[PDB]
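Participant: I'd like to ask some things about the structure below.
Number of protein chains: 2
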Amino acid sequence: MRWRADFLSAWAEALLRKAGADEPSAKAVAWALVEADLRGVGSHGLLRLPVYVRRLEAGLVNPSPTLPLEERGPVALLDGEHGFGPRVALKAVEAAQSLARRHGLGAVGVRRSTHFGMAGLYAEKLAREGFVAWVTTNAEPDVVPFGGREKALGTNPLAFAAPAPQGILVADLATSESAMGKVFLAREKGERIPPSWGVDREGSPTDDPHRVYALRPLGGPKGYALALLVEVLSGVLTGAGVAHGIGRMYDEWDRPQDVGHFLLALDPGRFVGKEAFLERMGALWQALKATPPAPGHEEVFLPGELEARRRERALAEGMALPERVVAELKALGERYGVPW
Amino acid sequence: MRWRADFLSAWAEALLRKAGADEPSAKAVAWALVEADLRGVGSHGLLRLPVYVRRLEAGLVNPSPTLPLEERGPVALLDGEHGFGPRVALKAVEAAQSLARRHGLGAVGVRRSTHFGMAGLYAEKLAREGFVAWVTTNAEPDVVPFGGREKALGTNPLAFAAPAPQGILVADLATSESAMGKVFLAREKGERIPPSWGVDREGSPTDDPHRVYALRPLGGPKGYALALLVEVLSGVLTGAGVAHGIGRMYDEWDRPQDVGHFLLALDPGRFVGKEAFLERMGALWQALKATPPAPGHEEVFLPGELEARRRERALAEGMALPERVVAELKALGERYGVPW
Ligand SMILES: NC(=O)c1ccc[n+]([C@@H]2O[C@H](COP(=O)([O-])OP(=O)(O)OC[C@H]3O[C@@H](n4cnc5c(N)ncnc54)[C@H](O)[C@@H]3O)[C@@H](O)[C@H]2O)c1
Ligand SMILES: NC(=O)c1ccc[n+]([C@@H]2O[C@H](COP(=O)([O-])OP(=O)(O)OC[C@H]3O[C@@H](n4cnc5c(N)ncnc54)[C@H](O)[C@@H]3O)[C@@H](O)[C@H]2O)c1
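Top line first, the protein sequences correspond to chains A and B. Numbering-wise (this note's numbering), the first sequence opens with residue 397 and increments by one. Numbering-wise (this note's numbering), the second sequence opens with residue 397 and increments by one.
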């Protein structure tokens, strides 16, 4: 069976408000999770709602942050006050847009935030507003540094978006080879995993998901370097938590997380020009789409293109959700008196 | 035998001036190439001097660009006028520093440049000046887009640096799995290469360097997405050449290259604070260095750390250079009357 995004979004918002979150926060979270599911990124979709609500219940998420903002020129610092990541991040997007419109560039350093879901959503929103956007967030350590055997950095994703005539280019990638969610999945299906995904407690690559102690960086040294880029911009520079100081959303419940985010919006109008940029992006997009395919492929796609086609189809015919996820959501709704 | 950096640098500058380059350009190129060799990045060191000079001889490189600069707020656009990449890039570094010091952020969009060598050198220079830095450059297409069988993008590297008490963090990476230089090397040694490096003319991975038609992106879709990030910032946004419009330094001699670069400097002082940033970077650096090593490793290193230790050793005991490279340099010096 398939579900309607409008129904799921309204339901999620209603549930969150019943749980104590203010309207802006409830709307922001419903948006982030449902929009991720629409694009096929379920790892950051509604399956996260249950834990998000548990964190709120435990008093680890601010239900109504005022979101203090301080700006000077093209720079702004945002205090998330431990509010829901999507709520904090959308305010940062608003600030980045305003700053870039006035200064050509707009950088927002966010601290004291929490898990904000799919980084690409924020980058895409800024791009649809006409900006070239860069969005990063750090996360609790799950990845060993290159050459190490103990966790040092989170999956720390980097997202980058830019508008084109044919669509919105959206690069959104974790800096680790894989993700714990995929490892746990393999554990259930009793399948082997590529040794490139993780290492055992000794620090040696393993093809057994049951033996994975930590994730490995994408392409060895490079993914490790990229994870540090994300950590520096997201946590060190912002005043937020850094690595082990961030807080594990699933494992540590003694204090709120202190996730950091970094957002940068650039106005093409102050560079090559708004319309010129659009045309140039169009030429590049066209050239890529015209590229003859490699074996096993029918055509080349731009990052974010398949995600957009998936969202379009999901809006047109409904969204597919794992039976397990639906069960959890239904149970969550029932205990709060918000019928699914 | 080993060579002295001071001798090589002075010699390179002298040769370039004899070839017609003005003093600033000669000094800039000598610096870029020798500093790359010192750090162990020979692929962008003196072995490049011969072709750089040939491009100059052919009138494809401006020997004395005036480097027109236009600024508005935290944004600057630089016209390299086809000058040597290192000369153009160092001017961009100067502009980025000035802008960031006054606005908190400084972005420079460079167009009509040429090959500028090691991207990390420019990022490192900005970091040693106290800034968090981002430096990118596009390059003539050598890499197929994910899912494609024809070249669409250059090795398009991304560099990122930030100061720490223990040293300068310098992330510097091509977005391709490997590089043509390594493929050609394998071709000579008649060795097999990892199929992850390149594809044949049909677009299928190959372990035979003799059959490599194009390079593959780092980690499939991710490296492709990163290469596009670099292309958008370096070429599309700046007004420089884009992909096939850049110009192949080794293969096309009908017109100067139009390489683009993007530089961003951020003042920690406008975010968490200069001294606070330094301390936080120090804590992160310390944590990484203290990470127990994985098998085959004795300790964990920060990106740029091994490069710094190599440069220190090279300054202390001299630089090692391939006999083939030395032969080429000697021949170059002889035809110009600048004895090696
Ligand atoms: N909030 C957090 O703490 C956190 C932490 C880690 C990851 N994440 C999110 O989890 C998600 C993880 O994504 P991922 O790293 O697995 O990325 P991925 O491997 O699925 O893809 C990376 C990039 O490749 C592009 N791509 C994939 N297949 C393609 C194809 N066939 N043709 C062209 N382009 C293609 C995508 O559009 C994307 O931009 C992201 O949305 C990330 O933001 C969030
Ligand atoms: N001018 C151009 O057009 C152009 C094009 C492509 C590449 N390049 C340059 O060529 C060079 C290519 O570099 P690369 O992609 O092969 O990078 P690489 O694989 O050698 O390393 C990538 C990153 O990994 C880090 N690293 C490597 N080994 C490590 C270890 N043991 N511990 C910790 N960190 C480690 C490095 O410090 C670096 O920041 C770069 O300097 C790049 O700027 C220039």
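Every residue gets a Cβ at the ideal spot worked out from N, C-alpha and C, and that includes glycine.
#1: Could you please tell me which residues of the stretch 670 to 687 of chain B, in chain order, have their CB closer than 8 angstroms to any CB of chain A?
#2: Should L429 (chain A) be flagged as near chain B, meaning a C-beta pair shorter than 8 angstroms?
#3: Less than 8 angstroms between the C-beta atoms of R451 (chain B) and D475 (chain B), yes or no?
#4: Would you check if the stretch 513 to 533 of chain B and the stretch 517 to 524 of chain A touch, i.e. whether three or more CB-CB distances between them fall below 8 angstroms?
#5: Can you list, in chain order, the residues of its chain whose CB lies under 7 angstroms from that of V504 (chain B), leaving out five sequence neighbours each side?
#6: From A:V449, A:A485, A:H606, A:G469, pick the residue whose C-alpha is nearest to that of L463 (chain A); which is it?
#7: Taking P470 (chain B) as the query, report the chain A residues whose CB atoms sit under 8 angstroms from its CB, ordered along the chain.
#8: Determine whether the beta carbon atoms of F512 (chain B) and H657 (chain B) lie at a separation below 8 angstroms.
#9: Using a Cβ cut-off of 8 angstroms, pull out every chain A residue sitting near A567 (chain B), in sequence order please.
#10: Report yes or no: do three or more beta-carbon pairs, one from the stretch 666 to 678 of chain B and one from the stretch 623 to 632 of chain A, lie closer than 8 angstroms?
#11: Quick check on the DSSP output: what are the complete alpha helix (DSSP H) runs of length 4 or more inside the stretch 459 to 530 of chain B, in order along the chain?
#12: Could you list which residues in chain B have their beta carbon closer than 7 angstroms to that of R545 (chain A), in chain order?
#13: Any heavy atom of ligand 2 closer than 7 angstroms to the beta-carbon of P699 (chain B)?
#14: When Cβ atoms are compared, which residues of the stretch 428 to 462 of chain B fall closer than 8 angstroms to chain E?
#15: Tell me, please, whether the CB atom of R666 (chain A) is closer than 8 angstroms to any CB atom in chain B?
#16: Please specify which runs of the alpha helix (DSSP H), each continuous and at least 4 residues long, are wholly inside the stretch 607 to 659 of chain B, giving them in chain order.
#17: Helix, strand or coil: how does DSSP classify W681 (chain A) here?
#18: If we define contact as Cβ-Cβ less than 8 angstroms, is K618 (chain B) a contact residue for chain A?
#19: Quick check: the stretch 680 to 696 of chain A against the stretch 554 to 568 of chain A, are there 3 or more CB pairs under 8 angstroms?
#20: Mind reading off the beta-carbon distance from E536 (chain A) to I642 (chain A)? Whole number of angstroms is fine, and I expect it under 8 angstroms.
#21: In or out: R707 (chain A) buried (at least 16 other Cβ within 10 Å) or exposed?
#22: Per DSSP, what kind of secondary structure is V540 (chain A) in: helix, strand or coil?
#23: For chain B, check one thing: does any of its Cβ atoms lie closer than 8 angstroms to the Cβ of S600 (chain A)?
#24: For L614 (chain B) and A410 (chain A), what's the separation of their Cα atoms in angstroms?
#25: Could you check whether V579 (chain B) and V540 (chain B) sit closer than 8 angstroms to each other, using their CB atoms as the reference points?
#26: Flag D654 (chain A) as yes when its Cβ comes closer than 7 angstroms to any non-hydrogen atom of ligand 1, and as no otherwise.
#27: For the alpha helix (DSSP H) that contains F403 (chain B), what are its first and last residues?
#28: Ligand 2 heavy atoms versus the CB of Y620 (chain A): any closer than 7 angstroms?
#29: Ordered along the chain, which non-local residues of its own chain (more than five positions away) have a Cβ less than 7 angstroms from that of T687 (chain A)?
#30: Kindly indicate if chain A contains any beta-carbon less than 8 angstroms away from that of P541 (chain B).
#31: Could you work out which residues of chain A lie near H693 (chain B), taking near to mean beta carbons separated by less than 9 angstroms?
#32: Pairing CB atoms from the stretch 442 to 458 of chain B with CB atoms from the stretch 706 to 724 of chain B, are three or more of them under 8 angstroms?
#33: Please tell me whether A716 (chain B) has its Cβ less than 8 angstroms away from any Cβ of chain A.
#34: By the criterion of Cβ-Cβ separation under 7 angstroms, what are the contact partners of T634 (chain A) in chain B?
#35: Looking only at C-alpha atoms, which of B:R497, B:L456, B:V449, B:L581 sits nearest to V528 (chain B)?
#36: If you measure beta-carbon to beta-carbon, which residues of the stretch 508 to 528 of chain B are closer than 9 angstroms to chain A?
Facilitator: Looking at the coordinates:
#1: Answer set for the stretch 670 to 687 of chain B: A672, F673, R676, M677, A679, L680, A683, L684, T687.
#2: Not one chain B Cβ lies under 8 angstroms of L429 (chain A).
#3: It is not a contact, given that the beta carbons lie outside the stated cut-off.
#4: As far as the Cβ criterion goes, the stretch 517 to 524 of chain A does not touch the stretch 513 to 533 of chain B, which means the pair count is below three.
#5: Cβ within range, chain order: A472, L474, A488, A491, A492, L659.
#6: Here the closest residue by C-alpha is A:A485.
#7: The contacting residues are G469, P470, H499, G500, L501.
#8: Yes, they are a contact pair.
#9: Chain order gives the chain A residues near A567 (chain B) as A621, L622, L624, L625, where near means a beta carbon separation below 8 angstroms.
#10: Segments in contact, yes.
#11: 481 to 499, 515 to 524, all fully within the stretch 459 to 530 of chain B.
#12: By Cβ distance, chain B contributes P688, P689, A690.
#13: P699 (chain B) Cβ: within cutoff of ligand 2.
#14: Protein chains A and B are contained in the structure displayed, whereas chain E is not.
#15: Interface residue, yes.
#16: Runs of the alpha helix (DSSP H) inside the stretch 607 to 659 of chain B: 617 to 627.
#17: In the three-state reduction of the DSSP assignment, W681 (chain A) falls in the helix class.
#18: Chain A contact via Cβ: present.
#19: Flag = yes, the stretch 680 to 696 of chain A and the stretch 554 to 568 of chain A touch.
#20: So it is a contact: roughly 5 angstroms between Cβ atoms.
#21: Its Cβ being crowded by 16 or more others within 10 Å, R707 (chain A) is buried.
#22: Coil, per DSSP.
#23: Output row for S600 (chain A): interface = yes.
#24: The alpha-carbon atoms of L614 (chain B) and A410 (chain A) are separated by roughly 43 angstroms.
#25: No, the Cβ-Cβ distance between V540 (chain B) and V579 (chain B) is not below 8 angstroms.
#26: No, Cβ of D654 (chain A) sits at least 7 angstroms from all heavy atoms of ligand 1.
#27: Per DSSP, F403 (chain B) belongs to the alpha helix (DSSP H) from 401 to 414.
#28: Checking the Cβ of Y620 (chain A) against ligand 2 gives yes.
#29: Closer than 7 angstroms at the Cβ level, and outside the excluded window around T687 (chain A), lie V696.
#30: Contact of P541 (chain B) with chain A is assigned, a C-beta pair being separated by under 8 angstroms.
#31: Ordered by position in chain A, the residues that pass the 9 angstroms Cβ test against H693 (chain B) are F542, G543, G544, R545, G599.
#32: At 8 angstroms Cβ cutoff, the stretches touch.
#33: Interface flag for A716 (chain B) against chain A is unset, since no Cβ pair is found closer than 8 angstroms.
#34: The answer, in chain order, is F667, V668.
#35: Looking at the Cα atoms, B:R497 is the closest of the given residues.
#36: Of all residues in the stretch 508 to 528 of chain B, the ones placed with a Cβ closer than 9 angstroms to any Cβ belonging to chain A are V528, in chain order.
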